[PDB]
Amino acid sequence: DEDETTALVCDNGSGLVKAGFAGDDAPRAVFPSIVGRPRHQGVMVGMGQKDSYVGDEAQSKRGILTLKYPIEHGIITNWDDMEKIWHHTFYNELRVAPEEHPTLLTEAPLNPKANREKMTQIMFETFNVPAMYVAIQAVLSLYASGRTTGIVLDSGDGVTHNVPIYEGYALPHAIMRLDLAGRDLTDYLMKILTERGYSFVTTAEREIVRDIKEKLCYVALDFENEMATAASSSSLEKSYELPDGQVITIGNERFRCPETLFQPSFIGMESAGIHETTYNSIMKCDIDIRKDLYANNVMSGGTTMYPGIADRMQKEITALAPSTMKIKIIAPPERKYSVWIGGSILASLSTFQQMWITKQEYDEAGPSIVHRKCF
Amino acid sequence: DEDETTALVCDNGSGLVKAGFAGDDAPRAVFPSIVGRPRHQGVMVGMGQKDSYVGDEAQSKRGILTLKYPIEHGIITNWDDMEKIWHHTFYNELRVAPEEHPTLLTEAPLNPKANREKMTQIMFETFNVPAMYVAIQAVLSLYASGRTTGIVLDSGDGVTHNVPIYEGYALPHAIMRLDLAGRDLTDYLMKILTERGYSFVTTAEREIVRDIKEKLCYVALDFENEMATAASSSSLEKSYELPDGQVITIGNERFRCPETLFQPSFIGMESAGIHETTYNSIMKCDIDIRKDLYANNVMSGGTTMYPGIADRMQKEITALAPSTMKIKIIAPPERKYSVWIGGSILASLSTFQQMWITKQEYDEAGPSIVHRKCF
Amino acid sequence: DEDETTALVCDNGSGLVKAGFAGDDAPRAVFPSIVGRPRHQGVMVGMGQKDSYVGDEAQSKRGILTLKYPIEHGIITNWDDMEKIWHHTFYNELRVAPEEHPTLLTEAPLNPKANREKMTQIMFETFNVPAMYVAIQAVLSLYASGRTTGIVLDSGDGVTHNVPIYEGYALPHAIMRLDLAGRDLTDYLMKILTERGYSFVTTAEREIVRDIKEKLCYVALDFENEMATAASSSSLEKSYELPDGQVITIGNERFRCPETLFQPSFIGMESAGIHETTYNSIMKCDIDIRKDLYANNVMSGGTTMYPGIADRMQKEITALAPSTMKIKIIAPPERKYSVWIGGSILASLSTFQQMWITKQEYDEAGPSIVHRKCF
Ligand SMILES: Nc1ncnc2c1ncn2[C@@H]1O[C@H](COP(=O)(O)OP(=O)(O)O)[C@@H](O)[C@H]1O
Ligand SMILES: Nc1ncnc2c1ncn2[C@@H]1O[C@H](COP(=O)(O)OP(=O)(O)O)[C@@H](O)[C@H]1O
Ligand SMILES: Nc1ncnc2c1ncn2[C@@H]1O[C@H](COP(=O)(O)OP(=O)(O)O)[C@@H](O)[C@H]1O
Ligand SMILES: [Mg+2]
Ligand SMILES: [Mg+2]
Ligand SMILES: [Mg+2]
Ligand SMILES: [Mg+2]
Ligand SMILES: [Mg+2]
Ligand SMILES: [Mg+2]
Ligand SMILES: [Mg+2]
Ligand SMILES: [Mg+2]
Ligand SMILES: [Mg+2]
Ligand SMILES: [Mg+2]
Ligand SMILES: [Mg+2]
Ligand SMILES: [Mg+2]
Ligand SMILES: [Mg+2]
Ligand SMILES: [Mg+2]
Ligand SMILES: [Mg+2]
Ligand SMILES: [Mg+2]
Ligand SMILES: [Mg+2]
């Protein structure tokens, strides 16, 4: 065990399951969210004997299993494979058990009543846990980023948050989520890059969909004004060779997939987009922090990593805004771990320990104990 | 055409615009206020050819469009969609044109100078009209209810009025609006029912927001004493099955939404709510009708529909009050259309015709014609 | 601490609480009169830990709080929040204590019995005071102006007086207050500007009420003959920009808000107003000082700041006058602070020191010590 003060620190997210201890900058435990039921008698029998695969190794051998994930766009839909994922989150990758030792969780800026009582409950159930606390991603992100006032653009394998937060305090009312960040994005990219040609199909040709997007993506300066030249000329569409090898032009997906993060009308939605929200939660925030809110625009996480978005954030927020107000967008592309950083860095501290629930106050009160506790 | 007098009647409101002729009860013209610009080339092209949908069919087909409305919280924010709305509200569903025929409008009890001058103009511009006028909602809503004297609480898709009327006359100086009734209501419900679980999100899961609150909501007798038993038991938060069909426990919103109409310290403001206003407007008024105004509290609009709301009324006007004075609580829940109702009935008469603005007396003195005119 | 004679000076008003020591000009202490219970669990919980805000950092940070004021039109209406106001006023902003040191107060020209006997008990209760006094605003403002014989016109956040003071002496009979200066003013402006347009609504859009009147208000030369060409032309009503940035037009409010001062029929009242008050108290006074009263009209307060008001006095006081007796309106717009100026400068003096109430003679007399004592 480490010297740094005893907590487990587990960031629930939608792409990769991040967990670790107190003190760090990059994740101790990384794994995607999967547990796969194998299925065959005949050839599974014929060839194998052992197993079911989880996360890491399940990236490797997989064409023998049944690959579903168990969490989606937020609160866990079935927490059943989440349980054995958390079993895996504790008992070999870190290796330490939450049985003796204190434990933290992250959460969205504000969580609900009922399932977040049952969140508290599940820790005490299967995992036993003598002390747990649960702290906000946005607030901890901004403390990772070192700051006192900053409106944190979060955006993961699923959700985008836009929290106004002033000297540590997020604001009670200015609340909106975009549920665009990861899947709809990537798997409409699967939809289209497949119609463009080759069945990314069954046993061989599937998770190239998940290599490709990340490498190809700059967010362009404007759309159909490039898509005109694009088609007469031949530049931004690059002929790339994959583990099979036929001439693959990937070309819009680059700017297209994240132009959807701006405006979902490019798949086809009548509803909103990121640009509006960013401003709109500030326009329904507080008048004398509105000021500093536009003037402290910051970002966190996965889908934010993309090159071209400072150029977009300086472009289109100002494109709604008055003549009188002013935006300041702030840059740092370290940001792909900063929630797990914020959790890890805050875990270590003297101050934070007294704020723990002790399991004695669970048994006394119930899981509703969480509703008078975590700040 | 009807036998009953040549006079069109529009009741505008922020939610569903109501209009018709002279004499009726329930509305002749109903629609919700959308036109929304169609957007795609490619898949709009491939599949269709026609359209762009006003109102009616834009609650049938819509996941192609760009769904925005234009009447928000009172005075018209952009009237360009209102113009083509009014081009629907006249030309196809009622069908009968303003060109030869007299026309009437509804409005709040007292209106300003210029954004009512141009309304008088804009009716004579696009729609030409050889005669027109506009009535207050308050009083027509009261003569509808059958009464000479009455403090009516309005509450519809955005606003609440708490309007003191005695013998046909409202009182010249006690004037407060509560800008809550429809949206911050349903859409704060959107916010926290979404955090309770399922991104209600893109093409398929959205307008259950506006189906669910209507059925589920009642006004309860007290709040965090009921939120106590709540979290121990499993009573008042039922499970129901929607167009998809996962277990949706819908729970507080029922009683939490309408409590926010009363005390808006339940999203979290800082800052008023109706219980006060319903009294405040009367404490500010003539001492010899303070009397009867507390003795003649009445109600109108759709957000008024709720079960338990009289129970909330009788409780918490009285609970401010001195030992001396006395509240009556007058019941009528017919009152969902009372504002369109009386404009229909009043359009029928003899008396009201002489009042009409004639196109000639407009052209003479300008759009201020209404300043000296509208009783 | 300063060299100048040990004495605290609270010029209590019903807008911004002000204070300081002796010898000065502009305020040493200024804070708006707000403390205010924050409310929530859940999101308040989630997003902070400490606090409830007084005045200053309330005038910052406020959308989390429960904001009411405790002094209204004149004498305080519950002395509970006024208490923790004075607790702030002494112990952090001046920092000093009324524990060791002598303490002065401000008041209107003469005051009543009971609650001012009690204004001799609260400062000796919690705040202890070994030596105290209270003096008259009107009179102090006139020696602040460096003069002997004046009728001063006050007008602050709520209230207005019309006081003869001749060679130091106010006349014991000539007396009428006006209760229009601050709130009814600004918050009928909120009411009418609200009817004109956009809800000054809930979290973001509410104190642009207070800000807009001050800058925009001139008194004008006459009302409805200006409101004629107002509608026909487009002159006085300016299109600015606020933190929102829609084309807000402010227009009458300028002249109508100070019109309603002189003539409160521009919301709607049956009783009086100012010009006659300013004439009548001198009509009801000694015959041979009438002369010098009408010939020494002088003003102070915040609300007396509006441009045009000089030309208004010189018009509508003299409009009531006979041919024989003559007015002389005196101009100084130094006058936003003049009563506290009155107290601070007068607190220095050797003369005034023998006038103090020692806490010893309070303990002997009880509350009735100020009755014989104060001049
Ligand atoms: N460099 C990058 N470029 C493009 N997309 C990225 C990059 N890094 C991460 N992402 C995207 O971010 C998502 C994962 O972000 P993350 O914040 O880790 O989600 P979570 O916390 O919810 O697990 C993935 O869908 C991934 O494609
Ligand atoms: N049965 C009902 N229960 C609760 N709310 C209702 C009911 N019927 C209508 N409403 C509400 O009434 C509001 C609209 O009322 P209405 O007075 O017609 O508004 P408007 O005149 O401004 O169009 C809506 O926001 C709707 O949810
Ligand atoms: N520049 C100004 N123009 C007009 N009104 C003003 C100005 N400055 C302050 N006021 C008004 O003066 C009032 C407060 O005056 P003040 O004498 O300080 O009141 P108080 O002594 O009772 O605190 C408020 O209604 C405020 O809007
Ligand atoms: Mg995350
Ligand atoms: Mg564009
Ligand atoms: Mg769109
Ligand atoms: Mg708004
Ligand atoms: Mg503010
Ligand atoms: Mg503790
Ligand atoms: Mg209505
Ligand atoms: Mg209550
Ligand atoms: Mg409140
Ligand atoms: Mg009052
Ligand atoms: Mg009376
Ligand atoms: Mg006529
Ligand atoms: Mg004063
Ligand atoms: Mg006049
Ligand atoms: Mg009058
Ligand atoms: Mg005499
Ligand atoms: Mg003495």
# chains A, B, ... in the order shown; residues from 1 in each chain; ligands from 1
>>> residues_around(residues="residue 49 of chain C", least_positions_apart="5", cutoff="10 Å", atoms="only C-alpha atoms", output="JSON, numbers by chain")
{"A": [168, 169, 374, 375], "C": [44]}
>>> residues_around(residues="segment 108-118 of chain C", least_positions_apart="4", cutoff="8 Å", atoms="only C-alpha atoms", output="list in words")
residues 122, 136, 137, 138, 139, 163, 170, 367, 368, 370 and 371 of chain C
>>> write_last_selection(atoms="N, CA and C atoms", output="mmCIF file, in the first residue's frame")
data_model
loop_
_atom_site.group_PDB
_atom_site.id
_atom_site.type_symbol
_atom_site.label_atom_id
_atom_site.label_comp_id
_atom_site.auth_asym_id
_atom_site.auth_seq_id
_atom_site.Cartn_x
_atom_site.Cartn_y
_atom_site.Cartn_z
ATOM 1 N N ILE C 122 -32.588 49.235 23.030
ATOM 2 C CA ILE C 122 -31.802 48.299 22.191
ATOM 3 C C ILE C 122 -30.292 48.565 22.129
ATOM 4 N N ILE C 136 -31.379 65.525 15.172
ATOM 5 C CA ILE C 136 -32.345 65.655 14.079
ATOM 6 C C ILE C 136 -31.707 65.975 12.733
ATOM 7 N N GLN C 137 -31.997 65.124 11.731
ATOM 8 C CA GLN C 137 -31.459 65.108 10.388
ATOM 9 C C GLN C 137 -31.537 66.400 9.629
ATOM 10 N N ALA C 138 -32.774 66.864 9.435
ATOM 11 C CA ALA C 138 -33.192 68.121 8.879
ATOM 12 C C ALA C 138 -32.368 69.335 9.291
ATOM 13 N N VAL C 139 -32.141 69.435 10.604
ATOM 14 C CA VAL C 139 -31.476 70.513 11.302
ATOM 15 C C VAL C 139 -29.981 70.415 11.105
ATOM 16 N N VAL C 163 -39.330 70.565 5.930
ATOM 17 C CA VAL C 163 -39.117 71.023 7.298
ATOM 18 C C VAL C 163 -38.674 72.480 7.393
ATOM 19 N N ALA C 170 -36.610 74.379 14.331
ATOM 20 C CA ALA C 170 -37.734 73.948 13.550
ATOM 21 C C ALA C 170 -39.032 74.367 14.187
ATOM 22 N N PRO C 367 -35.992 54.046 30.370
ATOM 23 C CA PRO C 367 -36.134 54.487 28.988
ATOM 24 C C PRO C 367 -36.469 55.945 28.798
ATOM 25 N N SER C 368 -37.025 56.602 29.825
ATOM 26 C CA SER C 368 -37.496 57.977 29.779
ATOM 27 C C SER C 368 -36.397 59.000 29.924
ATOM 28 N N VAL C 370 -34.241 59.890 27.404
ATOM 29 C CA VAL C 370 -34.106 60.669 26.178
ATOM 30 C C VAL C 370 -35.162 61.768 26.042
ATOM 31 N N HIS C 371 -36.384 61.534 26.572
ATOM 32 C CA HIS C 371 -37.516 62.456 26.664
ATOM 33 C C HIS C 371 -37.197 63.872 27.162
#
>>> residues_near_ligand(ligand="ligand 18", cutoff="8 Å", atoms="only C-alpha atoms and all ligand atoms", output="ChimeraX atom specification")
/C:263-265,268-273
>>> atom_distance(atom1="atom CA of residue 347 of chain C", atom2="atom CA of residue 27 of chain C")
14.3 Å
>>> residues_around(residues="residue 226 of chain C", least_positions_apart="4", cutoff="12 Å", atoms="only C-alpha atoms", output="JSON list (two decimals) with N, CA and C atoms, in the first residue's frame")
[["chain", "number", "residue", "atom", "x", "y", "z"],
["C", 220, "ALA", "N", -39.17, 66.33, -16.27],
["C", 220, "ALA", "CA", -39.46, 67.09, -17.46],
["C", 220, "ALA", "C", -40.37, 68.26, -17.20],
["C", 221, "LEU", "N", -40.48, 69.12, -18.22],
["C", 221, "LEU", "CA", -41.10, 70.41, -18.15],
["C", 221, "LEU", "C", -42.62, 70.32, -18.18],
["C", 222, "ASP", "N", -43.23, 69.45, -19.01],
["C", 222, "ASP", "CA", -44.59, 69.00, -18.72],
["C", 222, "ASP", "C", -44.95, 67.71, -19.45],
["C", 230, "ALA", "N", -44.31, 62.27, -28.44],
["C", 230, "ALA", "CA", -43.71, 61.00, -28.05],
["C", 230, "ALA", "C", -44.07, 59.82, -28.93],
["C", 231, "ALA", "N", -45.38, 59.62, -29.13],
["C", 231, "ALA", "CA", -45.94, 58.54, -29.91],
["C", 231, "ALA", "C", -45.71, 58.71, -31.40],
["C", 232, "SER", "N", -45.94, 59.94, -31.90],
["C", 232, "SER", "CA", -45.79, 60.32, -33.30],
["C", 232, "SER", "C", -44.33, 60.30, -33.78],
["C", 233, "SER", "N", -43.40, 60.86, -32.99],
["C", 233, "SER", "CA", -41.97, 60.88, -33.31],
["C", 233, "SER", "C", -41.26, 59.72, -32.61],
["C", 234, "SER", "N", -39.90, 59.68, -32.62],
["C", 234, "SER", "CA", -39.16, 58.70, -31.81],
["C", 234, "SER", "C", -37.91, 59.33, -31.19],
["C", 235, "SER", "N", -38.09, 60.22, -30.20],
["C", 235, "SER", "CA", -37.00, 61.04, -29.66],
["C", 235, "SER", "C", -36.40, 60.56, -28.34],
["C", 236, "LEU", "N", -37.13, 60.70, -27.22],
["C", 236, "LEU", "CA", -36.57, 60.67, -25.87],
["C", 236, "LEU", "C", -36.34, 59.25, -25.36],
["C", 237, "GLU", "N", -37.05, 58.30, -25.99],
["C", 237, "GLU", "CA", -37.06, 56.92, -25.60],
["C", 237, "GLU", "C", -35.93, 56.10, -26.22],
["C", 251, "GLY", "N", -38.38, 55.25, -21.73],
["C", 251, "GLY", "CA", -38.88, 56.46, -22.37],
["C", 251, "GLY", "C", -39.60, 57.39, -21.49],
["C", 252, "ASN", "N", -40.82, 57.04, -21.03],
["C", 252, "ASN", "CA", -41.51, 57.93, -20.11],
["C", 252, "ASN", "C", -40.85, 57.96, -18.77],
["C", 255, "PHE", "N", -39.14, 60.86, -17.04],
["C", 255, "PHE", "CA", -39.94, 61.96, -16.57],
["C", 255, "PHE", "C", -41.17, 61.54, -15.77],
["C", 256, "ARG", "N", -41.80, 60.38, -16.05],
["C", 256, "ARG", "CA", -42.98, 59.88, -15.36],
["C", 256, "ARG", "C", -42.71, 59.46, -13.93]]
>>> closest_atom_pairs(of="chain B", to="ligand 6", cutoff="12 Å", atoms="only C-alpha atoms and all ligand atoms", output="JSON lines")
{"residue": "B:36", "atom": "CA", "partner": "ligand 6", "partner_atom_place_in_ligand_line": "1 (Mg)", "distance": 9.9}
{"residue": "B:37", "atom": "CA", "partner": "ligand 6", "partner_atom_place_in_ligand_line": "1 (Mg)", "distance": 9.2}
{"residue": "B:38", "atom": "CA", "partner": "ligand 6", "partner_atom_place_in_ligand_line": "1 (Mg)", "distance": 9.3}
{"residue": "B:39", "atom": "CA", "partner": "ligand 6", "partner_atom_place_in_ligand_line": "1 (Mg)", "distance": 7.7}
{"residue": "B:40", "atom": "CA", "partner": "ligand 6", "partner_atom_place_in_ligand_line": "1 (Mg)", "distance": 9.9}
{"residue": "B:63", "atom": "CA", "partner": "ligand 6", "partner_atom_place_in_ligand_line": "1 (Mg)", "distance": 10.5}
{"residue": "B:64", "atom": "CA", "partner": "ligand 6", "partner_atom_place_in_ligand_line": "1 (Mg)", "distance": 9.6}
{"residue": "B:65", "atom": "CA", "partner": "ligand 6", "partner_atom_place_in_ligand_line": "1 (Mg)", "distance": 8.0}
{"residue": "B:66", "atom": "CA", "partner": "ligand 6", "partner_atom_place_in_ligand_line": "1 (Mg)", "distance": 5.5}
{"residue": "B:67", "atom": "CA", "partner": "ligand 6", "partner_atom_place_in_ligand_line": "1 (Mg)", "distance": 8.0}
{"residue": "B:68", "atom": "CA", "partner": "ligand 6", "partner_atom_place_in_ligand_line": "1 (Mg)", "distance": 9.6}
{"residue": "B:202", "atom": "CA", "partner": "ligand 6", "partner_atom_place_in_ligand_line": "1 (Mg)", "distance": 11.5}
{"residue": "B:203", "atom": "CA", "partner": "ligand 6", "partner_atom_place_in_ligand_line": "1 (Mg)", "distance": 11.8}
>>> write_last_selection(atoms="C-alpha atoms", output="CSV table (one decimal), in the first residue's frame")
chain,number,residue,atom,x,y,z
B,36,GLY,CA,-40.3,25.2,-37.4
B,37,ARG,CA,-37.9,25.5,-40.3
B,38,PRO,CA,-37.2,22.1,-42.1
B,39,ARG,CA,-33.4,21.6,-42.5
B,40,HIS,CA,-31.9,18.8,-44.4
B,63,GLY,CA,-38.5,14.8,-35.7
B,64,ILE,CA,-37.5,16.2,-39.1
B,65,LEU,CA,-38.1,20.0,-38.3
B,66,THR,CA,-36.4,22.7,-36.3
B,67,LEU,CA,-38.9,23.1,-33.4
B,68,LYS,CA,-39.0,26.6,-31.9
B,202,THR,CA,-33.1,12.9,-28.8
B,203,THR,CA,-35.5,11.8,-31.5
>>> atom_distance(atom1="atom 14 (C, counted along the ligand's line) of ligand 3", atom2="atom CA of residue 92 of chain C")
23.2 Å
